[PDB]
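*Asks:* This is the structure I want to talk about, given as structure tokens.
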2 protein chains.
Amino acid sequence: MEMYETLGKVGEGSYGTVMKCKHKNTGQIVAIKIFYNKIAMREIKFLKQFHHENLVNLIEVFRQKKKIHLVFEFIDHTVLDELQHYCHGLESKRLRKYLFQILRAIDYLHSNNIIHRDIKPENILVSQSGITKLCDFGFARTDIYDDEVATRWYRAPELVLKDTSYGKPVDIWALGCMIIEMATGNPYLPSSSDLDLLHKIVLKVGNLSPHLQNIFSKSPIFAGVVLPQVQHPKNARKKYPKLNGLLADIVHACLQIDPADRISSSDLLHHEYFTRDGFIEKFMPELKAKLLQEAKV
Amino acid sequence: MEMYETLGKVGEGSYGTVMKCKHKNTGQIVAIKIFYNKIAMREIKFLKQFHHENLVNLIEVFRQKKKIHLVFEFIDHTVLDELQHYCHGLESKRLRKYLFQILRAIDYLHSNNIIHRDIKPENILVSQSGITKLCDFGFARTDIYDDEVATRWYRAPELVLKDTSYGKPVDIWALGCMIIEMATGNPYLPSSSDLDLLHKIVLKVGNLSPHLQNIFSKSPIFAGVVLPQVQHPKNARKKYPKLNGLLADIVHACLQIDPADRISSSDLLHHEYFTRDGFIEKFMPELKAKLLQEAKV
Ligand SMILES: N#CCc1ccc(Nc2nccc(Nc3cc(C4CCCC4)n[nH]3)n2)cc1
Ligand SMILES: N#CCc1ccc(Nc2nccc(Nc3cc(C4CCCC4)n[nH]3)n2)cc1
Ligand code: NA
Ligand code: NA
Ligand SMILES: [Zn+2]
Ligand SMILES: [Zn+2]
Ligand SMILES: [Zn+2]
Ligand SMILES: [Zn+2]
């Protein structure tokens, strides 16, 4: 006997579905993920051990009609919603606040040696008061194939080339891509296939590092294929000239072809972008007080 | 006994594969489309009746290893190749020459009441001398579902909403999108789902026309969903301000939400964009003489 009034469908994928619902007794508004199973179980495994105030809350798990249901707290919208509803990207003060909270989340995970593996705008939830939370841990790890169209756009060059090892740096690449999109409103590496993606990476970001060039030139998927050979500015302000200067600096530090050249999440949190005008010192009390003032009501 | 030396793979889709090959006796370089069948047969049906100098030549058809093989002439590259290899889009003089020839092709088809149904950069072939040819007629008609990722980006709002009738105007919408991409280097409506696409159409182009709004608000796929409500400049130069003025004017005329408001292919060929400086009068002899000088050798 369904304990939930399904209210509407807010998502769907190769995996299944997210439904906005209302517990029949609680009256509580939830988001229920419903699959058709490794991925369900490893998401559950993760949410049992890991907790943070910029990660989404899991409430319960049931298995009605031979399917697994994951009830989460409901958060007003996503960053994808913002980019789909408003022109030209996020206002700059608001962008900074989102990014810091996104970074707090990613750093928490990276300190615990978790790779998220699916950073993108839909998986950033945004409450009405503007507290952001990270979600979707089905592919998180200490490779499971992610068949999703949007996911390709944020994939790092080592994932695209199927390098046998990869790690935390793939979350940093995806973040750098998302930052550009949140700043301009436009996805940076939109692509319709991996071959397309590889060309765009090389065209817009940089040539393959030697190891990745080696894997490319030995890969049978990509035989005959010669990549674009392109010069790029070495200066961040030049290379992303439509962005705020320090924002350009971060993006440059994220989008390095060689994963080992990418900035860590720790260092990103301490970047001049966030410390310039005492923002962290002003923001953290305002954050702690929201979560206070909201927790009471 | 394969009569062809397969040389390399230049394409692949939900349909099958394109291989660059060399006939073992002729030594002739070909592109062979290989399926796994309605779509094969309707492409063949089309290529038997229809012929033009800006459409790709079919040579023969065979059925080896329970599969259908369509041997075409081989053309150096595609417009997709150009956008994947070079920064910031096509040089303006070259863009104009491509578009005119693309339009000659589309108009030829529309005069014969054919809807192409899959205008996009990969399906524009470009020879070394820069003669362009249209290809891929599997979905051409006087709706078969097109499962391809890139295809979504060029789909008109009526296709997205599954309107029971649509026609020639969907080729004009797709062309307008492709023009923007060829001009800037960036796809205009990159999207990862139809819901995403609908938001971007409304955000960047215009609100749904009343009939399409009706279908949207009655559609079960899209229930609960409220689209972005957005004002757009009415002037073409303003609305696409990074384009050449007359090029902006064409794009505006293509990208009208109501298909019945879109410009015809006939009128596009006669636009000021092509007549301003006597270009058609200068271009057509240069075209006819290339095809002469090339036909001899
Ligand atoms: N997982 C996942 C991916 C996903 C994430 C968001 C959405 N769409 C969406 N769209 C609007 C609001 C919203 N609020 C929300 C969702 C959740 C859950 C975490 C996650 C599954 C419920 N909590 N609060 N989600 C759709 C898919
Ligand atoms: N059909 C179709 C779609 C398609 C079109 C082009 C390509 N890729 C490509 N990439 C580089 C060159 C090229 N030259 C070429 C292809 C053809 C055929 C018409 C069409 C099928 C062979 N003639 N000349 N095609 C891949 C797929
Ligand atoms: Na995911
Ligand atoms: Na096609
Ligand atoms: Zn929306
Ligand atoms: Zn390796
Ligand atoms: Zn290429
Ligand atoms: Zn209708």
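Taken together, the values in this text are just the output of simple stated rules run on the coordinates, not laboratory data. Because the Cβ atoms are built from the backbone with ideal geometry, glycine has one as well, and the counts that use them run over all protein chains shown.
*Asks:* Quick check on packing: order B:102-115, A:203-216 by the mean number of other C-beta atoms within 10 Å, highest mean leading.
*Replies:* Result, highest mean first: B:102-115, A:203-216.
*Asks:* Any idea what diffusion coefficient segment B:200-287 gets from Stokes-Einstein, in µm²/s, Kirkwood Rh on alpha carbon pairs, 25 °C, 0.890 mPa s?
*Replies:* Calculated translational D: 160 µm²/s.
*Asks:* A further question on this structure: Under a no-solvent Debye model with one identical scatterer per Cα of chain B, what's log10 I(q)/I(0) at q = 0.12, 0.13, 0.14 Å⁻¹?
*Replies:* Log10 I(q)/I(0), no solvent term: -0.83, -0.96, -1.11.
*Asks:* If you don't mind, another one. Considering every Cα-Cα pair within segment A:126-254, what fraction, in whole percent, is farther apart than 20 Å?
*Replies:* I get 50 percent for the Cα pairs in segment A:126-254 exceeding 20 Å.
*Asks:* Scan around B:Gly11 for amide H atoms under 5 Å from its own, H built in the peptide plane at 1.01 Å from N, and keep only partners 5 or more places away or cross-chain.
*Replies:* HN-HN under 5 Å from B:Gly11: B:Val18.
*Asks:* Given the options A:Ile115, B:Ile263, A:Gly206, identify the residue whose Cα lies farthest towards the positive end of the charge dipole of the protein assembly as shown (+1 on Cβ of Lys, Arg; -1 on Cβ of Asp, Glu).
*Replies:* The residue sitting most towards the positive pole is A:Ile115.
*Asks:* Label position 7 Å from Cα toward Cβ: report the copy-to-copy distances for A:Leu95 in nm, one decimal, ordered from shortest.
*Replies:* A:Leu95 label point versus its equivalents elsewhere: 2.5 nm.
*Asks:* Ignoring everything except DSSP H segments at least 4 long, calculate the 222 nm mean residue ellipticity for chain B; use -39,500 (n - 2.57) per segment, divide by total residues, nearest 500.
*Replies:* After summing the helix terms and dividing by the residues of chain B, the value is -12000 deg cm²/dmol.
*Asks:* Let me ask another. Below 13 angstrom from the Cβ of B:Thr142, what's the summed charge of the other residues (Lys, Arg +1; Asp, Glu -1)?
*Replies:* +4
*Asks:* Thinking of the protein assembly as shown as a set of Cα atoms, what percent of all their pairs are more than 34 Å apart?
*Replies:* Percent of Cα pairs beyond 34 Å in the protein assembly as shown: 47.
*Asks:* What does the net charge come to around B:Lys45 if you take all other residues with beta carbon closer than 12 Å to its beta carbon, with K and R at +1 and D and E at -1?
*Replies:* +3
*Asks:* Check B:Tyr4: other-chain or 5+ apart residues with amide H under 5 Å from its amide H, H built from backbone geometry?
*Replies:* So B:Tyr4 has HN proximity to B:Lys24.
*Asks:* In which sequence would B:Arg237, A:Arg152 go, from the one with the fewest C-beta neighbours within 10 Å to the one with the most?
*Replies:* Ascending Cβ contact count within 10 Å gives the list B:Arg237, A:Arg152.
*Asks:* Follow-up. If you plug each phi of segment B:69-86 into the Karplus form 6.51 cos²θ - 1.76 cosθ + 1.60 with θ = phi - 60°, what whole-Hz ³J(HN,Hα) values come out, in order, with x for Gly and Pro?
*Replies:* With coefficients 6.51, -1.76 and 1.60, one gets 10, 10, 8, 10, 3, 9, 10, 2, 8, 10, 5, 3, 4, 5, 6, 7, 9, 10 Hz.
*Asks:* Moving to a separate point now. Which net charge results for the neighbourhood of A:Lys282, defined as the other residues with beta-carbon distances under 14 angstrom from its beta-carbon, given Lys and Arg at +1 and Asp and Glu at -1?
*Replies:* +3
*Asks:* Turning to a different aspect of this structure: In debye to the nearest 20, how big a dipole does the protein assembly as shown give about its Cα centre with +1 on each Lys and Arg Cβ and -1 on each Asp and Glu Cβ?
*Replies:* The dipole of the protein assembly as shown has a size of about 340 debye.
*Asks:* Moving on to the next point. Which of the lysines could be linked to B:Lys282 by a straight reach, that is with a Cα gap under 26 Å, when you skip same-chain ones fewer than 8 residues away?
*Replies:* Cross-link targets: B:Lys93, B:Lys97, B:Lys133, B:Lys290, B:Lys296.
*Asks:* May I pose another question? Tabulate in residue order the Karplus-calculated ³J(HN,Hα) for segment B:113-128, using 6.51 cos²θ - 1.76 cosθ + 1.60 with θ = phi - 60°, rounded to whole Hz; enter x for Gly and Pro.
*Replies:* 6, 9, 8, 5, 6, 7, 5, 6, x, 5, 9, 9, 8, 10, 7, 4
*Asks:* Further question on the same structure: Neighbour counts of other C-beta atoms within 10 Å: give me B:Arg42, A:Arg63 arranged from fewest to most.
*Replies:* By the 10 Å Cβ count, ascending: A:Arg63, B:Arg42.
*Asks:* Could you give me the ³J(HN,Hα) list for segment B:285-292, computed from phi with Karplus coefficients 6.51, -1.76, 1.60 and θ = phi - 60°, whole Hz, x at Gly and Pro?
*Replies:* After applying 6.51 cos²θ - 1.76 cosθ + 1.60, I find x, 4, 4, 4, 6, 4, 4, 4 Hz.
*Asks:* Further, regarding this structure: Measure off 7 Å from each Cα along the Cα-to-Cβ vector at B:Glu286 and A:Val226, then give the distance between these two points in nanometres to one decimal.
*Replies:* With each label placed 7 Å out from Cα toward Cβ, I get 2.7 nm.
*Asks:* Can you pull the Kirkwood radius for segment B:1-99, inverse mean 1/r over Cα pairs, to one decimal in Å?
*Replies:* Computed over segment B:1-99, the radius equals 15.3 Å.
*Asks:* Then there's this: Over the alpha carbons of segment B:144-190, what is the largest minus smallest coordinate on each principal axis, giving the biggest first in Å?
*Replies:* 34, 20, 14
*Asks:* State the residue of chain B whose Cβ is nearest the axis carrying B onto A, and the distance in whole angstrom.
*Replies:* B:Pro190, 2
*Asks:* Now for a different question. Distances in nm, one decimal, shortest first, from A:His77 to the same residue in every other copy, taking the label point 7 angstrom along Cα→Cβ.
*Replies:* Result for A:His77, in nm, nearest copy first: 4.1.
*Asks:* At A:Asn25, with labels set 7 Å past Cα in the Cβ direction, how many nm apart are the copies from this one, shortest first?
*Replies:* So the distances to the same position in the other copies read 8.2 nm.
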